[PDB]
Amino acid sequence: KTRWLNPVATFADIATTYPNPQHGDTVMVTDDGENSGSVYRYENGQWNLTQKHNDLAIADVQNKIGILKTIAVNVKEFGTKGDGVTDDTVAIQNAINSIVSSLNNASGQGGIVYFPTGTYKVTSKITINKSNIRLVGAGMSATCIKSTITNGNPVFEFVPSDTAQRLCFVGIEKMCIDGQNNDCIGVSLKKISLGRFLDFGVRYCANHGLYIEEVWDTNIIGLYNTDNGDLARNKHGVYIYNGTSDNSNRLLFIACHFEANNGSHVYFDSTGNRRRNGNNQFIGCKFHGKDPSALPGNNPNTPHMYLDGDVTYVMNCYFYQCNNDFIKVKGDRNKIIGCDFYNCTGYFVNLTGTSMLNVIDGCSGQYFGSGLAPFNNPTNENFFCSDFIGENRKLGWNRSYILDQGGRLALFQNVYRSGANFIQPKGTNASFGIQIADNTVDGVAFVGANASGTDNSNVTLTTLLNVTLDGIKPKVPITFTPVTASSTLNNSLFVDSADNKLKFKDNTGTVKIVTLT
């Protein structure tokens, strides 16, 4: 049942003009600003908006605008100018707060906050405290947030309002945060699960660029991260902290671009509690230094990636120009696979402390630190299978090596060739090896050296035996262990365990005594 009432100017007029409504009552508002043409209906004690009476173009237009508005909350609705001059902080915060949501999964709640093309001046922290909120701009540079924050706070701070809980499915897409070299954090993420970030920039923040604490299961695709951090104050391009109760895990950085940061590009911090950061990945990422003119040059003395973490996957990443180690590792079972390293003052991969079961596989590069190596000789067992320029070791673990020994195929234990010298990583132990040459003088050779007394000192290799086309060539005596005569083959020289005499069993099988004078 529809019962048309006479129209009123505004919705505010409805209660005044009609203070005793009845069921089925239908009225149109006709002079209500941008709400004009809306039709309301008294239903179950409330006036309800209906799409039923669209005969008039203005009523149909209002219905269709309502539907079109469900795509996104446009920050322009809340008064942003986007001109880089007006302070847009309050309007952006209001547009975010207008989305009804809650914490954790919050299924069926949330949406997009859309930032059209522009420059948005932000002067205080903007907080996102509910699940399922995505901030989406017009493009990685078309939409730019320009910060004047100088108190160390983030421009965008994602964190649950109740920190015993979590925010799920938040993200940023297609926009830039520009710190303008002020002391602010670009983006702060805390207690987030299942975040989704795509093609966004964080640049020129003198605090952390992207700060991450106890974040789980979050994909970050196409991040552009430059000119962030402050080495002296321990601020970095991306800082990943475990926090005090759990950890950060399953952060996946895919096809990201880190360049010319003032701290490290990526800094893992697992000191917050015993649960260490784990199972984070960098796939196809670029780690590019600050000053290509020289090393050290103007490049900060900090690793491109500080990895205080376990089970990190560093897959086909590019490292260039670093006044430290490219990757400084403090943790276990990290995976460095198919990476290329070009020009650093330290190691490509520095396995520090008790780091163990890390793997360097399919990697290459050039120009590690002078007198150093692609990787160090670590305390515990780690594994490698790679071919770097200037490194003779090709595959090994702990102190067992398959290596190039001056053009020979070599199988060495506790020794390897570096430059012209043979290095003994464990100085309290001896060194032994086989090396297989392709010249007839060397043939297959056996080598050894005593314990030098000092880890990583050098040794002289003694050749013990050569096997060549014209002889078995012992350089030390042949020392027999006695055996029984019945065990011996025809034409066998042996010491008989029955009487400890040197004997020869000839071609007929007869045991004879070797005459000694």
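We number the residues from 1 along the sequence you see.
Taking only CA atoms, the mean B-factor in the PDB entry is higher for 372 to 380 than for the other of 372 to 380 and 187 to 195.
Higher mean CA temperature factor, per the PDB entry, when comparing 249 to 257 with 93 to 101: 93 to 101. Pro482: CA B factor lies in the highest third for its chain, per the PDB record.
Sorting the modelled residues of the chain by their CA temperature factor places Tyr224 in the lowest third. The deposited CA B-factor of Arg275 belongs to the middle third of values across its chain.
Residue-level temperature factors show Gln435 in the lowest third of its chain, judged at the C-alpha atom.
The PDB entry assigns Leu502 a C-alpha temperature factor belonging to the middle third of its chain's modelled residues.
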